[PDB]
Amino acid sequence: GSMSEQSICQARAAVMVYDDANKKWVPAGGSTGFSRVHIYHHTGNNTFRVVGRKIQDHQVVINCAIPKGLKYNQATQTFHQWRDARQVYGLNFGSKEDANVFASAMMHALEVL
């Protein structure tokens, strides 16, 4: 938390999860809109996670570990995505600057893990 984790970036993005059964992206957490998406570094054990909160109502729409070896796909300059055993996640960034901020922090996490 506040004492164990440190934010290494903030970026604006609509967070989406892939509905594998329907072959469609769905808003993470149930409602379409932009979130503030952090990567948080647990400095103690050198782990990272992605945490995003809807700007409007503060709902946490994503909270997922970044595992070592993750393949992070920059599909376009403003839409990046990744997978784990359970979900495919997509970040539709509000600008290329946000995309670069977040990708730059994710790529750091992946090299230091």
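Start at 1 and count along the sequence shown; that's the residue number.
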Original post:
Averaging C-alpha B-factors over each stretch, which comes out higher, 58-66 or 44-52?
Top reply: 44-52
Original post:
What third of its chain's C-alpha B-factors does residue 22 belong to: lowest, middle or highest?
Top reply: highest
Original post:
Sorting the chain's CA B-factors, does residue 75 end up in the lowest, middle or highest third?
Top reply: highest
Subject >> Entry-reported Cα temperature factor of residue 109, expressed as the chain third it lands in >> reply: middle
Original post:
Once the chain's modelled residues are ordered by C-alpha B factor and cut into thirds, is residue 31 in the lowest, middle or highest one?
Top reply: middle
